[PDB]
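Heads up, the thing below is written out as structure tokens.
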Amino acid sequence: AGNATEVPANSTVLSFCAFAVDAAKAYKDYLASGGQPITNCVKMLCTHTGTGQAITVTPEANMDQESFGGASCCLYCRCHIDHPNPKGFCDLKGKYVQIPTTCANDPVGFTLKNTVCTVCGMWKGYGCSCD
Amino acid sequence: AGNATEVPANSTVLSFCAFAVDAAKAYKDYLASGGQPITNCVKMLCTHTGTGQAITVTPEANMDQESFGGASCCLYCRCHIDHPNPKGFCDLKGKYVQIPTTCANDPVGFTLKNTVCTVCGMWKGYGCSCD
Amino acid sequence: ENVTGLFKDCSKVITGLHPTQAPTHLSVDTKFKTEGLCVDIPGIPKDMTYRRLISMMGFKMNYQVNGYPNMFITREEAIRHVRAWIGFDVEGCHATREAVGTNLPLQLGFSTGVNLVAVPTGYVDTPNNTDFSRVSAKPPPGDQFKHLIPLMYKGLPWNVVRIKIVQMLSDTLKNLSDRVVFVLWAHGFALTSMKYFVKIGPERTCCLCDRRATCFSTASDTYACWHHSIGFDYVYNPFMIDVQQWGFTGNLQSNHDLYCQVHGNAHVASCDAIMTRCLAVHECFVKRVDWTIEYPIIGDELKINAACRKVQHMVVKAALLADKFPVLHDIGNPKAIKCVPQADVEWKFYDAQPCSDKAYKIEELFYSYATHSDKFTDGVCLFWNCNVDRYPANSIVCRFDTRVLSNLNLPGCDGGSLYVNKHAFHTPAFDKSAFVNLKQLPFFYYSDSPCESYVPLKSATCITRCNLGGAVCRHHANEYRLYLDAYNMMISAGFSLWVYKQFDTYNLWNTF
Amino acid sequence: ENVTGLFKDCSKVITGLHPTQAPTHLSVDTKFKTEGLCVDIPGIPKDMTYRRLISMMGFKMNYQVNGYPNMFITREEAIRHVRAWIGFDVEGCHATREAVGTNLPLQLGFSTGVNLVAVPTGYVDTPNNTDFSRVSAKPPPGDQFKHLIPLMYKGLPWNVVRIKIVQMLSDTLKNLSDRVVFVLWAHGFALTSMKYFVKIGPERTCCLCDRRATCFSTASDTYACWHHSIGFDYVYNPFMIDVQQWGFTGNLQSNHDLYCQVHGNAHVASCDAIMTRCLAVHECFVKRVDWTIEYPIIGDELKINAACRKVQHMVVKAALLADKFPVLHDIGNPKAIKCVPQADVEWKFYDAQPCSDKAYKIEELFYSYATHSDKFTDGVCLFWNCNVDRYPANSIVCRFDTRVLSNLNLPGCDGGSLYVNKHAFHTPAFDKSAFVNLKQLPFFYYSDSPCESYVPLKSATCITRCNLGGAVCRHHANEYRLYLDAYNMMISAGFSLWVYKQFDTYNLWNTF
Amino acid sequence: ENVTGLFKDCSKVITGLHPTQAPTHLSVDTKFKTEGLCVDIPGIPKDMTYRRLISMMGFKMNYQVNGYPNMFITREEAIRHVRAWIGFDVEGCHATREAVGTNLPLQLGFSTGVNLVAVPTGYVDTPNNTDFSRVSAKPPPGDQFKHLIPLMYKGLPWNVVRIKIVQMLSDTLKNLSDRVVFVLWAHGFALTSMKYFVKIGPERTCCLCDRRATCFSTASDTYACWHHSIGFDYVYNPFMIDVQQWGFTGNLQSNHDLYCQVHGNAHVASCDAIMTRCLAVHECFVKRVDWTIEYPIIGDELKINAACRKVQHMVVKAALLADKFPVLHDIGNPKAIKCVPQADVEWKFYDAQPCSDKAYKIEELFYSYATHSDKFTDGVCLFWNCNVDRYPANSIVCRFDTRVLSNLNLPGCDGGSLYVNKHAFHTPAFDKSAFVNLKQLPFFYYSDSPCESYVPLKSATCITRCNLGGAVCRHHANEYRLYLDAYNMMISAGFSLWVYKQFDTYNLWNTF
RNA sequence: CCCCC
RNA sequence: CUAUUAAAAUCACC
RNA sequence: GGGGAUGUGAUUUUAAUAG
RNA sequence: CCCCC
RNA sequence: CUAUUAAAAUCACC
RNA sequence: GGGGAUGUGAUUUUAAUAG
Ligand SMILES: [Mg+2]
Ligand SMILES: [Mg+2]
Ligand SMILES: [Mg+2]
Ligand SMILES: [Mg+2]
Ligand SMILES: [Mg+2]
Ligand SMILES: [Zn+2]
Ligand SMILES: [Zn+2]
Ligand SMILES: [Zn+2]
Ligand SMILES: [Zn+2]
Ligand SMILES: [Zn+2]
Ligand SMILES: [Zn+2]
Ligand SMILES: [Zn+2]
Ligand SMILES: [Zn+2]
Ligand SMILES: [Zn+2]
Ligand SMILES: [Zn+2]
Ligand SMILES: [Zn+2]
Ligand SMILES: [Zn+2]
Ligand SMILES: [Zn+2]
């Protein structure tokens, strides 16, 4: 009964962050303690041309970036816990997220540490030039 | 596995006549000792018009007769034992047999007791007039 | 859901038979069925070449016919007809290639010990008749059936197999009984297998003699008893009892191993047959001795149980007048009838259960050497045909050697034996560690009577006042020869005579 | 046509029986039935090897016969006969192989923790008689009956089982009562199980004796009371009461869980019997004590009732002389009776509501340390056999310890106990937490009475003027020994004595 | 990279271990492995609560160390050490819940019928040590292992199990040998089971004694022989031999069934051990006796070998004087040695083929009553310890009864027995049917020798001139007592004496 | 589920 | 309106 | 591969059948 | 098959 | 030609 | 409804991969 969604490589990381008080710090400590990143994300088959905006309604990707389904890159959506956002609404759920390729090994961590510039809509420090 | 052919009302009569040395006398004694006749015969849906020959290749029935599948009215075929016929060939297997309606309660017994006139091909004593 | 596995068509053809050539109403396909009846359709012709295997499984021998004896008998009749119990177990192979859905007898085992492997052979439907033919078969899947794989290439045709069945049963039972009682564990597949070598009918008499006819030949349609059956291929009127119908749980080995340790090797046909017969013998005879059931005399039983009394009288009388014990204790005597009446000794009968004799001088004793070691210290303890764990030093015992298998001593449960003389007693296994305090009684003959009137008796064993002279009288000579024959007949039937180590023939020569 | 489930033919044979050898008209085969009557057809033989299991479910013991006592009694007689209550529950197995449609007693459990496993045994109609024999049976399907699966391989023959039933009932009830009252939850299967070990008949008297006969022997047709029943195998006149007929809906466990948390482990026979007896005890006695019903005297019930007055007179006298209490508060005193007649203290009575003394000397009071803590702070509070949640510090308490089981203290509901001395009091579960403000009362003998002048007593707890000298007088020595025996009898009965923490025997030694 | 199944990590954890606390390089987790070496990553912690089951399957005891004896011995040494053979079979369970990949000894069985059930116990690597602890296990799937299912709920802790192992081995072997030789069928699992109750080491000597040390205690590090091992829990130096390495294909049962029909009940541990030891005994001894290998003397082996010559001298002398036989036929005489040196009879020797006497006085003969019945009709036929199918009527037979088990008669193959006195003879199963033409030989003492002159012998079997008078002389009385003790020793050894039916002691009394 | 193979 | 099967549901027992 | 089955009653209803 | 519900 | 996985078959043990 | 699984080795072959 019911259709499985998860892989056995993701059990330890997803159990440990489901019982955690602060799941962001828990995931960062799990990574800093030699753990393996979260597998089984949805990688879009885009052609790597388009604007490099971070979070969009449709895949918009550069050649140095990749586009994932945003819900699949939110730790609070992967773990099914309360979002720390006001009104408890995921900003990546229902959108596409742009992860730089050098960080594309671990997208769930990337969206935990980086933030977007509100006037540009692209990742601070990686693509944002409005300094 | 396999498709069932027999009914539970026919077990006792068919077991007892399968182990019997003389199955004809065994069936007659089973009938004379209060047993129930052999059920589950193939009754042809004919229109009761035609010549009244006893054993035919096709249903040929009068209004006072009925036509059954001959294999279903041979005790040795119902019990899967050796026929007492020379060369061990059933004469009713592959044919249609004409049972008078007053005996149609028990056809398997009828073909045990009655015989046909070889020059007419109809049941002696019931329909044969060549005296 | 009213159908049977009996005569179930197991072939792999998807459609049924023609209106004709079909045994039953369910054996014709739906293409011809019409308002619960059949209709000849001119297009479809009847199949003229086909082979359909028929499942001879699910027989029910519950017929009541006036002149025909019933195959399945009650427990009381089976108990009365011991010396006809032949255990029976069949191992079976499954039909795999041309038909699926029936089993076939591959190995037939009997409590005699024989195993008969048969070619897998079934009853196939032909358009003209039913043919008894070899079919394709495979051994059962599983690791407890891996010993049946070499048997699929061995095995005789069923003609030789049923002739050997009749030969084995007639060699076993010709001196034991006038019938055969197959002791089955689960009668379904056993009845399936019995279809091959059993043919029943009204009770007939042997040709060539007057005993009950038990075998029947199909070459010449004649019946014979167990003696005159040579070349006969069918067992005419076997009786049988199922033992699972006696309220058991689990398989045969789990129920046999509760009471017996000397049988084993489950799922071999002969060993399963021996287990079945042993379990039935336990369930009917190990409990206690029933004196209401008396068995016929197959041979030399009266001579044996008269020689027992003769030897008992002579031995006890001679031992008493040899050493003059104060008191003897007759342990195990149900009825207070003493062995030697003319004895100047105080007699005390003992039995754990008094056999309803109102003269209650029989004391109550369930003997065991561990607890009753000093129950009787001096005197002698007559242990005639009683079974205890160990006999004390001052004893005189007649034990039955259960390892001597005869027409009167049938194999029993847990190493014991069912000695059937007039009443069937079940004796526990003979253990020679009980006689460590005794020695074997030697042959001797003693007589007090006066005497007078082919060779004269030259023997140092004849203890008589007639023997002191150079010759012996013709009276004690023939009486000695009769007692010698009686003693030989008693010990050859399996009776061991043990006595205390102080016994000797000199104190019998005291009197002369 | 209306039928009943009693004596139902459970066999798997499709046909009926012959006109002869059929017990009723509904058992005859339909070949013979003609116009409401039967016809002897001469050709049909009669079956002689049949075995038909008979359902023993559906007994109705509602007979009215003159000399025969009724098995099912009303709840008033059951209340009057509490020392005989033995709970009873039976688990069953279902006959599976040759007969379907009946259940068989597999495991019998009683209020005493005694579980007896029997072999599955039924009543099988044979053509000569009804055979009480072992039949094929399987445990009930499901998971709450999966503990019954190992019990099919275990089990005892029913003769041994009923011998042990009678032995255990006799050891339990020989000193309590002259009868047994089986406390059944649902009597449908318990009446079926009673067919195996219970007889009935007119009221008889024990042989060797004059007590009511409760056991019956089948070896010799003799009757016996609970004392002389050795080797007796049948319960002769058991009484019983069904608790589900007291207005109960739901399971037994669902109704026992409302009032008790001590028992559990449902569907084990002895545990269900304990649950049934506990539920009956709760329904009958937990509500309110009845002084109308009295009970006979087992033994030591007049010595205990005198010892608990010899003690109540002493400790309430000594506690008032040693402390000079100005006021007393007697909580729970049903009658306007003083423990000591003369006392300088002023007395005050309390109880729940005036117990048959409508004079206004006794006040109504419901005491509880949560609400009534600081109202009686002055003086002492004499709690004699009044069970409250916590006693105050200024108390002289006698409290029955319900953890001491005896001939007089039967097990009760929710950890309490039914102490039945003359009248039945149900006392709640003992807890030491109610005595945190008190200490135990030390044993002492106080005597101020005049004196007269022979083993010398050299104990120092004897507070009297004769002990101030070297030797105690013969009058106070034997009186001390009487009081010591009474005190030991009282504290062995299960009564615990408590006193305020400042109690000491020094002030008793001072007034002299 | 080649690996082995020994010490295999059976746990279900997907990762490996830290560089520390990993026993080998193949156990380190792949995070740390770099260039064939490991790297200490400081951020990664070490697991401190892990429990990893370790597979004890795959031991290879092929070491060559100077002071340490080898466990696995060649078949020549095993043949030389037959009195120590104890068969050994172990059934196992499979670890199921937290670790998969190993089997655990559940039931240990020996040639003696001793089955020992143990709790499933393994070696679990913990971060501090290896814990010998109980682990989750399930019985093997299938039907031939369904009898092991009730054994998981039974079982003993392994300390009790090895205490009982040492106790049973000591009670079995203390009088036979100074070592134990485990006869294994397939040593793969028996070596795993031996890790639990077997130590090894250099050869030690028993404390309190001077015999080889076979047991070792862990409470105090002391060693003991089979006599002084009380409370010892380890077998110190067991030897063993694998029978499957003797060129065998197929099951153990498939190979035991070829030569023996007595044992059975496969996959029960003690039954499989009995089968293994029986198969080894058949392969080593049933073929042909070897006079090259001798055996040490347990006890009473020189008294028996002298008694069976004291008796063979007497009965063959008395049987030739009492009958005056013209010719003798010695069947089975390996050497040209006469039982009596001087005799008027003419002697003839026979054996199978000339046994180390190449002189032509001994003929070669294979005897069998079916073929060699009527060739030696004249004279007597002395069968001294020659086992044929049936002896002729004119015979003096001494036959070893293989049903008597003793320190000298070990169990053998196919109901026979291995009688090991000085040399090992395997004798076939005893049957009384070979003595139908003979009777037992009565005890008698014959003496014709000169005489000299103190308890008087009053037995009448003493055939000598001193017994013709009133009192027997002191010379023949003590000689009679010596011969009686020798005869009783011989018949307690298990030897049965038979003689022709016309034998009588009368003619012995006549020559005087 | 139980029994048989 | 009464009785008889069949089915379903609920309840208690196993 | 072969079977044998799947326990005891009570009370409401629903359709019917018979009266 | 075993455990949990 | 050597080694390493994967699969299949057979065999022995449980 | 939820899982967890389905033991130990040995020898031949078959494809491959690497050398
Ligand atoms: Mg079998
Ligand atoms: Mg109940
Ligand atoms: Mg219950
Ligand atoms: Mg083995
Ligand atoms: Mg084994
Ligand atoms: Zn989210
Ligand atoms: Zn910006
Ligand atoms: Zn036919
Ligand atoms: Zn005609
Ligand atoms: Zn004859
Ligand atoms: Zn047996
Ligand atoms: Zn005489
Ligand atoms: Zn009494
Ligand atoms: Zn309770
Ligand atoms: Zn005084
Ligand atoms: Zn020692
Ligand atoms: Zn053997
Ligand atoms: Zn002498």
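When reading the values below, keep in mind they use all heavy atoms of this one structure, side chains included, and skip hydrogens, waters and symmetry mates. Residue numbers begin at 1 in each chain, while the letters A, B, ... track the order of the sequences.
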> Hey, which of these two, D:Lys138 or D:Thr4, hits RNA chain H nearer its 5' end, going by closest nucleotide?
Replying inline: D:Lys138
> For C:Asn2 and H:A5, what is the distance between atoms CG and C1' respectively, to the nearest whole Å?
Replying inline: 16 Å
> What's the closest nucleotide to the D:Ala186 side chain, out of J:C14, G:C13, H:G1?
Replying inline: G:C13
> Stacked or not: do K:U6 and K:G7 have six-ring centres under 5.5 Å apart and planes under 30°?
Replying inline: no
>> So, with the rule that both contacts fall under 3.5 Å, do K:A18 and G:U2 count as a Watson-Crick or wobble pair?
In response: no
>> Measuring from atom NZ of D:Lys12 to atom CG of D:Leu53, what distance do you get when rounded to the nearest 0.5 angstrom?
In response: 11.5 Å
>> Mind checking if D:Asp89 touches a base, just sugar-phosphate, or nothing, with heavy atoms under 4.0 Å?
In response: sugar-phosphate
> Start at the 5' end of RNA chain H and walk down; is the nucleotide closest to D:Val100 or to C:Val3 reached first?
Replying inline: C:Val3
>> When both hydrogen-bonding distances must be under 3.5 Å and the geometry is Watson-Crick or G-U wobble, what is H:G9 paired with, if anything?
In response: G:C11
> Do any side-chain nitrogens or oxygens of D:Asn103 fall under 4.0 Å of OP1 or OP2 in G:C13?
Replying inline: no
> Has E:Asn251 got a side-chain N or O lying under 4.0 Å from the OP1 or OP2 atom of J:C13?
Replying inline: yes
>> Give me the distance, rounded to whole Å, that separates H:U12 from G:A3 when you measure between the P atoms they each carry.
In response: 11 Å
> Would the C:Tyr123 and C:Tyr196 ring centres measure less than 6.0 Å apart?
Replying inline: yes
> Under 4.0 angstrom, heavy atoms only, what part of the nucleic acid is C:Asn255 near: base, sugar-phosphate, or nothing?
Replying inline: nothing
>> From NZ of E:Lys12 over to P of K:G7, roughly how many Å is that when rounded to an integer?
In response: 11 Å
>> For the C1' atoms, the ones on G:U5 and on H:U13, what distance do you get once it is rounded to whole angstrom?
In response: 16 Å
> Given H:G7, F:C5, J:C14, which nucleotide is nearest the side-chain atoms of E:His94?
Replying inline: J:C14
> Should the pair E:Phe248 and E:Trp185 be assigned to parallel (<30°), tilted (30 to 60°) or perpendicular (>60°) ring geometry?
Replying inline: tilted
> Is the number of heavy atoms from other residues, nucleotides or ligands under 6.0 Å of D:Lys146 NZ greater than 12?
Replying inline: no
> With a 3.5 Å cut-off and no angle check, do the side chains of C:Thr4 and B:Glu6 form a donor-acceptor pair?
Replying inline: no
>> Does D:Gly92 reach a base, just sugar-phosphate, or nothing at all? Heavy atoms under 4.0 Å.
In response: sugar-phosphate
> Looking at J:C14, H:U8, G:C14, which one has an atom nearest to any side-chain atom of D:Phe145?
Replying inline: G:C14
> Taking atom P in both J:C13 and K:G4, what distance in whole Å separates the two?
Replying inline: 33 Å
> Please give, in whole Å, the distance from G:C14 P to D:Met56 CE?
Replying inline: 21 Å
>> Can you see a Watson-Crick or G-U wobble pair between J:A3 and K:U17, using both distances under 3.5 Å as the test?
In response: yes
> Separation of C:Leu6 atom CG from H:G4 atom P, in whole Å?
Replying inline: 11 Å
>> Just checking D:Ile14: does its CD1 atom have more than 12 heavy atoms from other residues, nucleotides or ligands closer to it than 6.0 angstrom?
In response: no
> Heavy atoms under 4.0 Å, any strand shown: does D:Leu252 hit a base, just sugar-phosphate, or nothing?
Replying inline: sugar-phosphate
>> Work out how far the P atom of J:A7 is from that of K:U6, and round it to whole angstrom.
In response: 14 Å
> CE of D:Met57 versus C1' of H:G9: gap in Å, rounded?
Replying inline: 8 Å
>> Using whole Å, what does the distance between atom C1' of nucleotide G:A12 and atom CH2 of D:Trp246 come to?
In response: 18 Å
> Separation of C:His187 atom NE2 from H:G4 atom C1', in whole Å?
Replying inline: 10 Å
> Is C:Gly188 touching bases, backbone alone, or none of the nucleic acid, heavy atoms closer than 4.0 Å?
Replying inline: nothing
> What does F:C1 pair with, Watson-Crick or G-U, if both distances are under 3.5 Å?
Replying inline: H:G4
> Any side-chain N or O of E:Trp185 under 4.0 Å from OP1/OP2 of J:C13?
Replying inline: yes
>> Students often get this wrong, so: under 4.0 angstrom with heavy atoms, is E:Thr102 touching a base, only sugar-phosphate, or nothing?
In response: sugar-phosphate
> C:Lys8 has a side chain; which of F:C3, G:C14, H:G3 sits nearest to it?
Replying inline: H:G3
>> Distance check needed: H:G2 P versus C:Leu53 CG, whole Å only.
In response: 12 Å
>> Base, sugar-phosphate or nothing for A:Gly2? Non-hydrogen atoms, less than 4.0 Å.
In response: nothing
> Any luck finding a side-chain donor-acceptor pair between C:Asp9 and B:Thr5 under 3.5 Å?
Replying inline: no
>> When you compare the side chain of D:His187 with that of D:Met194, does any pair of heavy atoms fall below 4.5 Å?
In response: no
> Which whole number of Å gives the distance between the P atom of K:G3 and that of J:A12?
Replying inline: 39 Å
>> Would J:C1 and K:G19 qualify as a Watson-Crick or G-U pair, given that each of the two distances needs to be less than 3.5 Å?
In response: yes
> At under 4.0 Å between heavy atoms, what does C:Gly142 touch on the DNA or RNA strands: base, sugar-phosphate, or nothing?
Replying inline: nothing
